[PDB]
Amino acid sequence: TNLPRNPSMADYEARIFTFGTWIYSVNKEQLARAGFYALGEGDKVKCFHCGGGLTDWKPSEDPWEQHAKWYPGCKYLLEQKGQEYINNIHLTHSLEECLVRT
């Protein structure tokens, strides 16, 4: 089965704890709901389930959207957001990609 890559971070509780001193403009509660926990090295976060890691968050970027764009394969992402959400993010990026540059 598609097993949780970090079982010790499966609980939301364990995840927000890592964001104790969060100086970055991306909301820590959003990140943790989206499966992420902080590493303690800048804004580096990682998904507890797929292990996908992300840094250098721009102030406006969305945790669930980023999760779906970079790591669409995540099972935690699938059972939380569903197929249509995931495919939606990718379609949108392709459309944008294609409209800009004509």
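The numbering used is simple: start at 1 and walk along the sequence shown. Whichever C-alpha set is largest while still superposing within 1.5 Å between the two forms counts as the rigid core.
- Here the rigid core sets the fit, and in 6 other deposited structures of this protein the C-alphas of 55-63 stray farther than those of the other stretch, out of 55-63 and 32-40.
- According to the PDB record, 23-31 carries the higher mean C-alpha B-factor of the two stretches 42-50 and 23-31.
- According to the PDB record, 55-63 carries the higher mean C-alpha B-factor of the two stretches 55-63 and 72-80.
- Per-chain ranking of the deposited C-alpha B factor places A10 in the highest third.
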